[PDB]
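> structure here, sequence nowhere to be found:
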Ligand SMILES: [Fe+3]
Ligand SMILES: [Zn+2]
């Protein structure tokens, strides 16, 4: 199923998170290892994926089930173009200079809320200027590259 | 509010979380590279102990000298009775980035008084928290004077109501090592009932010559470096080997082992072991292998998750100890837990073996700017460890974007890795050529990874580094021409020029040569024979690659043995080693060429609950 290079690249990326080197990692870091290889599932997808793979609540996952999970997930993917429209619909007047207050307000309450640290880092990197407004275009261009 | 806003929010959230995970993976890879690079050099340095240990088996069983110093000199006055006001003056002198050189007389006085005072202390120092109701433990400092000043400012100066325990490694990694040692000794002298010191693995004359401390001392005091180094080496002799807290908690630098017994360490003649990596200087009494092994295990051991006790091949010295041996040792010595400081940690502190081994590390920015955060432990009367964290030089750190803050660390790691990899350029190129039977110029990814692992033997995740060591490569083939060009860059050669390496024993430690050539003495008259000389060079070249090739040394003796084999002919006999080193350096060089002020307020801090960490 997986490519000849992938079956080794995934194993090499697997050992960076194993505390004991036994090929099994804690389940709480699944959303990091799976994200790091180009996938972008939400925590709801993570819960759905862990329910079908964990039954006794052990909290341990080894290499083969991770490989099967990634093979199942890889079948769908998205490009970077669809990111722009998400920010476009958040500009009520097409100014392109959305301020930090509503940007923090929306995604800390709407959708699937993040913690305080994530938004702290995000509007710390994005809001370079002290005016309190963030240019979305430069943000996306500099982070995507 | 509408469903479109929800869709946009969740899409952006997914994208941001993916990028955060990517950055986390990059951080972990860089940390792995740094740790493996440090361990690869410590392991190579540690084989001198094995060489000495198996060479032993094979062979049969107040004077005034300081002179005036050139350059700018600070007129600070330090008297023999050290008081609190001297500490503030010393801090003020050392605070400035320039014009911080003390007069050699005061340095000699401080070192001599500290050496005289440290002789009376026992091997293991008992610390009682009944009166002070508080005790503080700090980790490695490694010349980070600003970190020590930050700790002092945040926690106050040591006193009878606020003692300190500095857990070794005071020097030889940073650019300001001497100041940390002088300040610590002055603080100990001013407060003898409230400051305790523990010897570390870097408190060795052999290790200092390899990590730049001796170079710093020679540069700072060109006219007096010899006697200052002698005084410092004398100070290293009497530092206590460990500390016992409240008769319940043991504080050691490295760790322990299955055969380690405190009832034996307390009876070791500490004065013999001026150096750890080379045999102690006994008075004709043949040395004991057990005590030296005891001290080595105490100083150099490391913990491991798996069970059993195996020899620590990762660092090249010491032994790995798991939870089973830790529990057995604690039950045998009736202790609660052991505090440790050998290994650096990303957060500065960690727990191991079911909260029974506490690792601490008080050096911030150990590898590069932003690598890790320092930490120190505050213990209450019930010995519950409160952890604090801090990062120095925050003002310069805040003047960069997050991408640049990651890029500086990434560039430092890549530069260090390429500098280390520069040594094996010829063998690496030959291995690459062998794997290309049709000289097409492109080899498979698996072959590339195998060649890299076989040559470097660092165990790094090479497949993740494919796009950085060899950029612009496809998913199936990698050209070695771009890789070879990376180590052939001029700036890499310039950086590698300043990096000291193994050997250079005469420049590093002439005492090492004296120890070797006194150990190989079959008789006590001081005369040796060439067959023993041949055996010694054979054993030396058996461990150190490309040492003498058994040719230059033998030819040198044949030029000198006019009256045959005999005594070690003093300096002119070491001219053989001198000319051999010069010839080797010239031979390798020809082959290569033939192609701000300290500020404690400039920091960020955080206090962590014992159970929240
Ligand atoms: Fe250290
Ligand atoms: Zn150490």
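Alright, I've got the coordinates. Numbering: from 1, shown residues only, chains lettered A, B, ... in the order given. Ligands and ions are numbered 1, 2, ... in the order given.

> and chain A, what are its domains?
Per the record, chain A has its domains at A:3-70, A:79-144, by CATH domains of a matching chain.

> turn those domains into TSV, including distance to chain B and mean neighbour count.
Using the backbone N, CA and C atoms, a C-beta is placed for each residue, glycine as well. Putting these into TSV (distance: least, CB to the nearest CB, whole Å; neighbours: other CB atoms under 10 Å in any protein chain shown) gives the following:
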stretch	distance to chain B	mean neighbour count
domain A:3-70	4	15
domain A:79-144	4	14
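
> helix/strand/coil for residue 50?
Just going to use chain A. Secondary structure, DSSP: H, G, I helix; E, B strand; the rest coil: residue A:50 is helix.

> who's in contact with it?
A:27, A:30 (CB atoms under 8 Å, 6 or more residues apart in numbering or on different chains).

> quick one: it from residue B:25, how far?
Going from residue A:50 to residue B:25 by CB to CB, to the nearest Å gives 20 Å.

> and for residue A:130?
From residue A:130 across to residue B:25, the span is 32 Å (CB to CB).

> contacts (any at all) between ligand 1 and stretch B:330-345?
No - shown here: stretch B:330-345 not in contact with ligand 1 (CB under 5 Å from the ion), separated by at least 6.5 Å.

> any buried residues in that stretch, and which?
B:330, B:335, B:337-345 (16 or more other CB atoms under 10 Å in any protein chain shown).

> just the residues you listed: which are in helices?
Using DSSP state H, the subset of the buried residues of stretch B:330-345 located in helices is residue B:330.

> out of the buried residues of stretch B:330-345, which is nearest to ligand 2?
Nearest to ligand 2 among those, counting by CB to the ion, is residue B:342 at 4.5 Å.

> closest to residue B:133 out of the buried residues of stretch B:330-345?
residue B:339 (18.8 Å; CB to CB).

> and the closest one, how far is that from ligand 1?
15 Å (CB to the ion, to the nearest Å).

> in contact with residue 97, which residues?
This is for chain A. A:133-135.

> to clarify, I was referring to chain B.
Neighbours of residue B:97 in contact, by CB under 8 Å, 6+ apart: B:596-598.

> which helix or which strand is home to it?
Of the helices and strands defined by DSSP states H and E, none includes residue B:97.

> tell me the secondary structure for the spatially most central residue of chain B?
Among the residues of chain B, residue B:202 comes closest to the average C-alpha position under CA atoms, centre = their mean, at 5.4 Å. At residue B:202 the chain is in coil, as set by three-state DSSP.

> that one touches residue B:167, doesn't it?
No - between residue B:202 and residue B:167 there is no contact under CB atoms under 8 Å: 11.6 Å.

> quick one: the helices in chain A, in order.
A:6-14, A:30-36, A:43-51, A:63-73, A:82-88, A:100-109, A:116-125, A:136-144.

> and of the ones you listed, who's closest to residue B:549?
Closest among the helices of chain A, using CB to CB: helix A:6-14, at 38.7 Å.

> now the angle from that closest one to helix A:63-73?
Angle, helix A:6-14 to helix A:63-73, by axes from the mean of the first three to the mean of the last three CA atoms, to 10 degrees: 110 degrees.

> which strands and helices sit next to helix A:6-14?
With contacts taken as 3 or more CB pairs under 8 Å, 6 or more residues apart in numbering or on different chains; DSSP states H and E, helix A:6-14 sits against helix A:30-36, helix A:63-73.

> now for the last one, which elements pack on it?
Applying 3+ CB pairs under 8 Å, 6+ apart, one finds that helix A:63-73 contacts helix A:6-14, helix A:30-36.

> what's the longest one in contact with?
Applying CB under 8 Å, 6+ apart, the set of residues contacting helix A:6-14 from outside is A:2, A:23, A:25, A:33, A:36-37, A:63, A:66-67, A:70, B:25, B:446, B:449, B:461-464.

> kindly recompute the last result at 7 Å.
A:33, A:36-37, A:63, A:67, A:70, B:461, B:463-464 (CB atoms under 7 Å, 6 or more residues apart in numbering or on different chains).

> find the nearest non-adjacent residue to the residue of chain A found nearest ligand 1, please.
With CB to the ion as the measure, residue A:19 is the residue of chain A nearest to ligand 1, at 22.8 Å. Nearest-residue entry for residue A:19: residue B:305, 7.0 Å, with adjacent residues in sequence omitted and distances by CB to CB, 6 or more residues apart in numbering or on different chains.

> now residue B:27
Residue B:27 sits nearest to residue B:406 (CB to CB, 6+ apart), 7.6 Å away.

> please apply the same query to residue B:365.
residue B:371 (5.9 Å).

> which SS state does the one you found fall under?
Recorded secondary structure, residue B:371: coil (three-state DSSP).

> quick check on it: phi, psi?
phi -70, psi -50 (degrees, to the nearest 10).

> how close does it sit to ligand 1?
In terms of CB to the ion, residue B:371 sits 14 Å off from ligand 1.

> need the contact list for the one residue in the stretch 451-600 of chain B that gets nearest to ligand 1.
Per CB to the ion, residue B:500 is where the stretch 451-600 of chain B lies closest to ligand 1, at 17.6 Å. When contacts are counted by CB under 7 Å, 6+ apart, residue B:500 touches B:210, B:212.

> show me which residues of chain B are close to chain A?
Residues of chain B lying near chain A by CB under 7 Å from any CB of the partner chain: B:4-6, B:8-22, B:24-25, B:28-29, B:32, B:305, B:401-402, B:445, B:461, B:463-464, B:475.

> buried only: go through those for me.
The buried subset of the residues of chain B next to chain A - by 16+ other CB under 10 Å - is B:5, B:8-21, B:24-25, B:28-29, B:32, B:445, B:461, B:463-464.

> any idea which of the helices of chain A gets closest to ligand 2?
helix A:6-14 (29.7 Å).

> distance from that closest one to the middle of the chain?
19 Å (CA atoms, centre = their mean, to the nearest Å).

> and for stretch B:101-121?
Relative to its chain's centre, stretch B:101-121 lies at 24 Å (CA atoms, centre = their mean).

> how about it: buried residues?
B:101-104, B:106-111, B:113-115, B:118.

> out of these, which comes closest to residue A:59?
Closest to residue A:59, out of all of those and judged by CB to CB, is residue B:118, at 50.7 Å.

> separation between the closest residue to that closest one other than its chain neighbours and chain A?
Spatial nearest neighbour of residue B:118, excluding adjacent residues (CB to CB, 6+ apart): residue B:238 at 4.1 Å. Taking CB to the nearest CB, to the nearest Å as the measure, residue B:238 falls 40 Å from chain A.

> so what's residue B:142 up against?
By CB under 7 Å, 6+ apart, the contact set of residue B:142 is B:169, B:173-174, B:363.

> now with 10 Å, please.
B:169-174, B:176-177, B:180, B:200, B:202, B:211, B:344, B:361-363, B:366 (CB atoms under 10 Å, 6 or more residues apart in numbering or on different chains).

> around ligand 1, pick out the residues from chain B.
Residues of chain B lying near ligand 1 (CB under 5 Å from the ion): B:140, B:169.

> ok, now with 6 Å
Contact residues (CB under 6 Å from the ion) of chain B with ligand 1: B:140, B:142, B:169, B:202.

> the residue lying closest to the second one once chain neighbours are set aside and residue B:301: what is the separation?
What sits nearest to residue B:142 in space, not counting adjacent residues and going by CB to CB, 6+ apart, is residue B:173, at 3.5 Å. Distance of residue B:173 to residue B:301, given as CB to CB: 20 Å.
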